[PDB]
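The chain below stands alone and is given in structure tokens; this is the form deposited in one PDB entry.
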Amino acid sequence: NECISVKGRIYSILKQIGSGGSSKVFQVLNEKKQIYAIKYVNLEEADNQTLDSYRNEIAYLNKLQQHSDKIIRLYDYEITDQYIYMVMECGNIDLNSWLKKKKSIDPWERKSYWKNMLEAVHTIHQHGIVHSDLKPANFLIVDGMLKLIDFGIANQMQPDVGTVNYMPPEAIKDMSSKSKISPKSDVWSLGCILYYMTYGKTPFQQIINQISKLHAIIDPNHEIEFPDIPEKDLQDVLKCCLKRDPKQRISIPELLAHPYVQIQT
């Protein structure tokens, strides 16, 4: 019977979906038994640097949603010095958890999920965000669509051990300290997700030891395996996305003109 009020509406807590730093996300119902997700952030312990991360998420979320419905909706929010409440579109489940239920992936549904991810990542790029750490967890399934929930700025949360299987080569090499943030590095992480959606595993998921995994990502003569597949366009998408040179990696605008997106067979 736990409750939350936001602006002038009361919401009943069905369950806590997840949590992270000082944040928690709940599945809730409004006055009329309509379902929502509410993110709660406890701002009491919060340095002025995290405070600004949460403020930035809210502004972009509020701006970015006029421009695409593949971004999760933020309906209303309340922020004070002590807390934040965000009332949002509630997803059936995140893509990481839905992929780990290692079930069949329909080819047409994988194609349409890919379109969804490209559109969402495209619109954040048009407003100057590079997410930089995309993962399946960042996408939610809602009415047969994928919708992005993070812009990669605020504290990332876990359902109620991070991952590295999606990290792009530029991120590793650009640790040895003009360390630019290229839109190309989101293509790599999208490429890894589609790979996982194609072949049931991350490119370098086999390398269970993690220092050696980091080297494979950055080593040119470590070949990624692209087993031949009936969808020849899909195999090609995965090849152009997982090129180690970001300059030669395919771009999002190119990916939207690619036969895999554009020819419906």
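Each form is matched to the other, and the largest set of C-alpha atoms that superpose within 1.5 Å is called the rigid core. In case it trips you up, residue 1 is the first one in the sequence shown, and so on.
Residue-level annotation: residue 132 has coordinates in all of the other entries compared, counting only those that model residues on either side of it, so it never reaches the one-third mark.
Judged by the one-third criterion across other entries of this protein, residue 110, modelled here, is also modelled in every one of those that cover both its neighbours. Gap between residue 177 and residue 178: 4 to 9 deposited residues without coordinates.
Counting the deposited residues that fall between residue 160 and residue 161 and carry no coordinates gives a value of 4 to 9. Averaged over CA atoms, B-factors in the entry run higher in 148-156 than in the other of 148-156 and 112-120. For the two regions 101-109 and 88-96, the entry's Cα B-factors average higher over 101-109.
Taking the deposited Cα B-factors for 58, 207, 237, 29, the highest one is held by 207. Within the selection 135, 73, 173, 184, the deposited Cα B-factor values reach their highest point at 173.
The PDB entry assigns residue 226 a C-alpha temperature factor belonging to the highest third of its chain's modelled residues. In the deposited entry, the Cα temperature factor of residue 18 places it in the middle third of its chain's modelled residues.
Among all modelled residues in this chain, the alpha-carbon of residue 33 has a temperature factor (C-alpha) in the middle third. For residue 191, the recorded CA B-factor ranks within the lowest third of the chain. Only modelled residues enter the ranking. In the deposited entry, the Cα temperature factor of residue 215 sits in the top third of values across the chain's modelled residues.
FYI, the form deposited in another entry isn't displayed, but the following is about it.
Fitting the two forms on the rigid core leaves the C-alpha of residue 251 displaced by under 2 angstroms between this form and the one not shown.
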